[PDB]
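Some notes on the structure that comes next.
Each value in this text was obtained by applying a stated rule to the coordinates, not by laboratory testing. Cβ coordinates were reconstructed from backbone atoms using ideal geometry, including for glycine residues, and neighbour counts include every protein chain displayed.
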Protein chains: 2
Amino acid sequence: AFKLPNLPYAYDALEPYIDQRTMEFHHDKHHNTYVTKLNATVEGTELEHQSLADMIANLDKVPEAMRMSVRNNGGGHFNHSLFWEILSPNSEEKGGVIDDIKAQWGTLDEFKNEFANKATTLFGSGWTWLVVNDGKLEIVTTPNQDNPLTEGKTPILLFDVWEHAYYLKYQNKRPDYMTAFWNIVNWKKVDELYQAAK
Amino acid sequence: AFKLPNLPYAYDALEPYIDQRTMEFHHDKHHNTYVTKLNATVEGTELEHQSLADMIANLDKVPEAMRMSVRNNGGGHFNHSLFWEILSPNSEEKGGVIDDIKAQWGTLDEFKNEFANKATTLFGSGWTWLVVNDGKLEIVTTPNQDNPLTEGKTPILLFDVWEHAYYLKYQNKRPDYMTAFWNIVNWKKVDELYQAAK
Ligand SMILES: [Mn+2]
Ligand SMILES: [Mn+2]
């Protein structure tokens, strides 16, 4: 079966950047729902031992009647599992990935500005991503729970702009939630993922 | 220029089904933003003296540089303007439209079940609609601020499932927000719109 992972920190550990209450709802309700529904779709079938990453990367091969749940719920499970891992109460802007961001964008701020502009203009529900595409870093958006693996790119950092991720604290002020996020990136995890995918 | 309409009731009039605070944010912020952006696009142009309905119905004829905003923001303005008018502090399940719903679905409950099922399975941001299509009633969904006029169908009832419409009160429990909505449909307004579009 797929399983809800435990958070690697306390629910209040990311205050004030993400409120405690949001982490409760977001992890115990929204993420738990993606998992439950995903299992309802695949259990008792020959897909029950297939990797999430492989199914997302090859949605076209998923059977037509299971595809929407695998896309949406499987997306939801992959994307939130990664999201918890790339957040940290001890963010230090260090690693080989940071050096390569500087090299490509000039400064860390230039990267943060391109990412922020894409996150804040993303219309509706979705995610902003840093990906490796061939050897190169790039920033992309996806709608809903869509995932750049489907397009042959490897994710190493992601930011949730579904309204449930920021409404309780920030309401409509999504740019303030963007600016907050930078303080809680687990750049260490981003770097591991980056070294593996270049 | 387009104008943010006044609510036709007090901000607390839909309590306890929709909290006062949500109506403040939803109307004074989210809807106001769609209008502002809409006007930034169309003020000083041909389109400022065109009906919103006609423009959304023929998005493809909107000039390339304006089309995205007219879709998203014009959609946002149309959709929320209608939404306030189809809510009522005294919802009574009365009108000729309900007689034709019974005729097509058997009972009002069968219609409510098909509508609920479509609203609750709509993935991401969007709207669930009752429309007339060529004489017949049908229930459809759209993503984000898309609108069935664009596909040649006339809307008479709509339900906002963007998470900003329900997060403060219901958080993740969108089915409880559906069940609550039935107690606040202005079926009288739905019926006027239906009589016009038959
Ligand atoms: Mn989320
Ligand atoms: Mn809305």
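Can you find a residue that is under 17 Å from the mean Cα position of the chain (by Cα) and closer than 17 Å to B:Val161 by Cα anywhere in the stretch B:51-63?
No, the stretch B:51-63 has no match at all.
Please work out which one of (1) in contact with a helix residue (DSSP H, G or I) (Cβ under 6 Å, 6 or more places away or on another chain); (2) more than 14 Å from chain B (Cβ to nearest Cβ); (3) among the hydroxyl-bearing types (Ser, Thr, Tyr) is the condition A:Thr179 fails and give its number.
(1)
Given B:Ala40, B:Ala1, B:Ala10, which one is in a helix (DSSP H, G or I) and away from chain A (no Cβ under 13 Å)?
When all the criteria are applied, what remains is B:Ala40.
Note down all Cβ pairs under 8 Å where the first residue falls in the stretch B:17-44 and is farther than 18 Å from B:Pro5 by Cα and more than 16 Å from ligand 1 (Cβ to nearest atom), the second is β-branched (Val, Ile, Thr) and outside any helix (DSSP H, G or I), and they're at least six residues apart or on different chains.
Listed pairs, sorted by first residue: B:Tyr17/B:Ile184; B:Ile18/B:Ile184.
Check off (1) exposed (fewer than 14 other Cβ atoms within 10 Å of the Cβ); (2) closer than 30 Å to A:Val161 by Cβ for B:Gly135 and give me the number that stays unchecked.
Every condition holds for B:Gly135 apart from (2).
When you look at A:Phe181, is it in contact (Cβ under 8 Å) with a residue 40 or more places away in the chain, within 16 Å of ligand 1 (Cβ to nearest atom) and not in a helix (DSSP H, G or I), yes or no?
No, not satisfied.
Any idea which of A:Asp191, A:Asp146 is among the acidic types (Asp, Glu) and more than 15 Å from ligand 1 (Cβ to nearest atom)?
A:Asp191
Does at least one position in the stretch B:110-130 carry a residue that is more than 19 Å from the chain's Cα centre (by Cα), exposed (fewer than 12 other Cβ atoms within 10 Å of the Cβ) and acidic (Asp, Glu)?
Scanning the stretch B:110-130 turns up no residue that is more than 19 Å from the chain's Cα centre (by Cα), exposed (fewer than 12 other Cβ atoms within 10 Å of the Cβ) and acidic (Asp, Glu).
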